[PDB]
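First, one chain by itself: the form deposited in one PDB entry, in structure tokens.
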């Protein structure tokens, strides 16, 4: 293959003319690799010419698939290229990464087959800390915090986060708002909260996996979380990192129906009924589940909790076990200890 290592970025709030890929139909959030195999001779020649010149293409996120009209889009720079003639077709495989977000100022159809659009690159504005306008001069030296410790011994690092909130927003008492309000507009705090509520759907190591930059982290989270497309356009229209992070929190807190994986169509339970009295997710109530096997209580973690095998109704795959009480005076009577990765939360519509 052919690897390109140079990095270029057009100036923000400026116009540029680029061709539009017709095969692409989804919104390519910047930072997300979107490999594509091109077999149309005109498209292949255009891609080769672009890779020779700039290796920059445009992807238009149409709001309506039938209408194919987009008020916003993205620019993609090719990271790897490999064009080979296989089975009589000059197929070119290109792995590209989004670089900038573009609003379609004017798109017209070129005679070559592709459509050329002149668009102005939207500016991704980055904001200073909310306390920089009012921070006391003497308290400037107290802005740097002694690192970010984290360990299982600290568990939730609760005291550390109170200390951070109390030290960073100390001057919020000069203003009509309280510190817990400014903490709702902090980039670090919102990144921490997104990490925390993403650990409850998967147990990945987020101490290295997720970026430490609000812009990069915001795009990565916008890419990873599973929703429909139109809300992805909505998240794309956002022009600031803080607003994008807040929108992502709103979307994550909007979805509460823990649907199955595999199926991605049935509703196992809801986040409202979480039997947090006593890893695995405990649900006090459940529906649309099939229980089988025998209540084998051997080596049970929970005293007085016998469990049986479970499946959805159709997926027939194990998602957990409905622990049942082994004593008459035991509450809850039946609680489902489902596996975290066996469910994919979706918007409860």
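Positions refer to the first chain, counted from 1. If you superpose the two forms and keep the largest set of C-alpha atoms that fall within 1.5 Å, you have the rigid core.
This next part talks about the form deposited in another entry, which is not shown.
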Align on the core first; then indicate which of 311, 45, 56, 32 has a CA shift of 2 angstroms or more between this form and the one not shown.
311
Assuming the CA distance changes by 3 angstroms or more, are residue 270 and residue 220 closer together or farther apart in the other entry compared with the shown structure?
closer
Are residue 232 and residue 271 closer or farther apart at their Cα atoms in the other entry than shown, with the shift being 3 Å or more?
closer
